[PDB]
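One chain comes next, on its own, written as structure tokens: the form deposited without ligand 4IP.
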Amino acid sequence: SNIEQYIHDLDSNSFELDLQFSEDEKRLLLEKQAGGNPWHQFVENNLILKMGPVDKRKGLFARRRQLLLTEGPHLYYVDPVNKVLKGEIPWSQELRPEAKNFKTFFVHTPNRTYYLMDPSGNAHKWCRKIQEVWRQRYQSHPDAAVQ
């Protein structure tokens, strides 16, 4: 049975995964990634749970990056022109995504807020997926009010 069911393609360089797959299914997802995803090389073999372009504010004009939310968890950002990892948004219990509007989201961390503009207008998809990963990482029982 086809791991395609967990995959939501948003455009040619952008998709997100439903996170309810089994370990065998993870295997097949990783297999498709390693065999066919040109960003695989940047993510330390981690399964990509969501990826897509963002414009990251810096200087006078934002810089286009491919953002990759992965197993680990990690948030990697890659320069698509020079084909080089530029950095990672550090994960911790204090990490918080925030959707400013349909096309702007922040990822707040202790020393830095990352100011990301989603050219596709899907900031809330980004925030929900990041927060879903956060919940699974930091909450023993994510559906409980408190832990």
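In case it trips you up, residue 1 is the first one in the sequence shown, and so on. Heads up, when I say rigid core I mean the largest set of C-alphas that superpose within 1.5 Å between the two forms.
Missing here is the form solved in complex with ligand 4IP; even so, the following discussion is about that form.
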* Asked: Okay, which stretch from 40-48, 53-61, 22-30, 102-110 lines ligand 4IP in the bound PDB entry, with non-hydrogen atoms inside 4.5 Å?
  -> 53-61
* Asked: Does ligand 4IP come within 4.5 Å of any heavy atom of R96 in the bound PDB entry?
  -> no
* To do: Would you give me the residues of 61-90 that have any heavy atom within 4.5 Å of ligand 4IP in the bound PDB entry, in order from first to last?
  => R63, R65, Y77, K86
* **Large Cα move at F61 between the shown form and the other one, threshold 2 Å, rigid core** => yes
